[PDB]
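[1] This one's experimental. Sequence and coordinates below.
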Amino acid sequence: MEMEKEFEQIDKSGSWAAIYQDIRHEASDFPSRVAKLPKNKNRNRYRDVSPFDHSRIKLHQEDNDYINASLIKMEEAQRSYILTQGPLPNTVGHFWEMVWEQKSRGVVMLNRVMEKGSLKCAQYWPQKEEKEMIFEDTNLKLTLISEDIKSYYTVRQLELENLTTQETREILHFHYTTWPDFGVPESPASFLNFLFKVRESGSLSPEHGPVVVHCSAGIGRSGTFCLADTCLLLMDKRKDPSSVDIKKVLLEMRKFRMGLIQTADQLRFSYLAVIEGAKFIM
Ligand SMILES: COc1ccc2c(c1)OC[C@@H]1CN3C(=O)CCN3[C@@H]21
């Protein structure tokens with residue numbers, strides 16, 4: 001079926017939970033043996049969210065190459081994304097090592113450091129120009145260059161220096177700051193505006209390594225971001241845009257990381273975002 005009328009048909013019939021459970025039943029199951037090794041317990045935030053072995057990002061290290069991060073490679077859309085958990089106190093150096101080694105231009109953050117009165121990720125970037133951060137375990141230096149605070153999101157320019165070679169690179173930090181503590185946003189307008197700002201920066205384009213996108217577990221809000229982006233791109237590429245099947249795209253993405261889209265409300269919100277976005281594109 002088309003999307004917008006499939007949408008109203010699920011609303012009128014109140015069957016979002018059944019649609020979402022079908023997706024959970026059909027989703028791929030691949031091994032995640034490296035994630036479950038005892039030496040990696042303090043590298044995982046949640047015991048039930050792990051990268052598959054076949055698609056995990058490897059650190060360029062011989063001691064321990066493990067990080068909780070996955071490469072989502074979308075062949076028809078010609079887009080790739082790295083989805084990862086919010087960094088932990090003992091993985092902030094690994095996080096920036098990955099950004100460096102994968103040649104990423106942008107980092108997309110979809111959570112606040114504290115939500116619901118609890119810590120959802122480490123404070124992993126510097127808040128003042130004159131107070132830079134040094135990650136001694138991976139030999140990197142990180143400096144805040146500029147910050148632009150808007151009503152729904154903040155953009156930061158950061159300098160990452162490989163202290164071993166003295167090479168430097170400019171990284172863009174795109175921080176969506178207004179996702180509610182509970183539920184999903186009422187309108188997709190600010191999320192779509194944010195997606196378009198990431199696109200306009202070059203951070204999603206083939207001349208750079210894959211964008212790094214995270215929330216707390218790296219599957220829920222993060223899944224919504226890449227699902228909406230890929231669906232909108234396919235609608236621009238194909239002769240028949242009504243042929244784009246958001247459930248089929250989501251199942252394709254779940255071949256590369258488990259659990260993408262965590263609730264039926266997040267599934268409905270993803271439909272809404274793609275539907276509204278397809279009108280603005282034209
Ligand atoms: C309903 O809220 C929105 C907000 C923004 C957009 C949208 C819908 O649909 C796709 C449009 C494409 N466009 C740009 O290129 C910049 C933002 N804007 C997008």
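    That came through, no problem. Residues are numbered from 1 along each chain as shown.

[2] Please count neighbours and contacts with C-alpha atoms only from this point.
    Noted.

[3] Can you tell me the closest non-neighbouring residue to residue 183?
    residue 265 (7.1 Å; Cα to Cα, 6 or more residues apart in numbering).

[4] just how off-centre is the helix or strand where the one you found lies within its chain?
    Following DSSP states H and E, one finds residue 265 within helix 264-280. The chain centroid and the centroid of helix 264-280 are separated by 17 Å under Cα atoms, centre = their mean, to the nearest Å.

[5] ok, and what's touching it?
    Here helix 264-280 makes contact (Cα atoms under 8 Å, 6 or more residues apart in numbering) with 3-4, 7, 16-17, 20, 183-185, 188-189, 191-192, 220-221, 224, 227-228, 231-232, 235, 246, 261.

[6] could you pick out which of those residues are near the ligand?
    189, 192 (Cα under 6 Å from any ligand atom).

[7] any idea how far residue 11 lies from residue 268?
    Distance, residue 11 to residue 268, by Cα to Cα, to the nearest Å: 9 Å.

[8] need the helices for the stretch 1-150 of the chain, in chain order.
    3-13, 16-26, 92-101 (DSSP state H, counting those that start in this stretch).

[9] The last one - contacts with which helices or strands?
    The criterion is 3 or more Cα pairs under 8 Å, 6 or more residues apart in numbering; DSSP states H and E, and the helices and strands that helix 92-101 contacts are strand 140-149.

[10] returning to that earlier point: how many neighbours does the residue nearest to residue 183 have?
    15 (other Cα atoms under 10 Å).

[11] who touches the closest residue to the ligand within the stretch 51-200 of the chain in this structure?
    At 3.4 Å from the ligand, residue 189 is the closest residue in the stretch 51-200 of the chain, using Cα to the nearest ligand atom. By Cα under 8 Å, 6+ apart, the contact list for residue 189 reads residue 273.

[12] hmm, back to that, so is the helix holding residue 265 next to the ligand?
    Yes - between helix 264-280 and the ligand, judged by Cα under 6 Å from any ligand atom, the touching residues are 276, 277, 278, 279, 280.

[13] of these, buried ones?
    residue 277 (16 or more other Cα atoms under 10 Å).

[14] Tell me the one of the residues of helix 264-280 next to the ligand nearest residue 100?
    Nearest to residue 100, judged by Cα to Cα, of the residues of helix 264-280 next to the ligand is residue 277 at 32.0 Å.

[15] returning to what we had before: which two in the residues of helix 264-280 next to the ligand are spaced the farthest apart?
    276 and 280 (6.9 Å).

[16] and the stretch 151-282 of the chain, which of its residues are near the ligand?
    Residues of the stretch 151-282 of the chain lying near the ligand (Cα under 6 Å from any ligand atom): 189, 192, 193, 196, 276, 277, 278, 279, 280, 281.

[17] With distance to residue 140 as added columns, please give those in CSV.
    Shown next, in CSV, are those (distance: Cα to Cα, whole Å):
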residue, distance to residue 140
189, 37
192, 33
193, 32
196, 30
276, 41
277, 38
278, 41
279, 43
280, 41
281, 40
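
[18] what number of residues lie near the closest residue to residue 17 other than its chain neighbours?
    Leaving aside its sequence neighbours, residue 17 sits nearest to residue 264 (Cα to Cα, 6+ apart; 5.5 Å). Residues contacting residue 264 under the criterion other Cα under 10 Å number 16.
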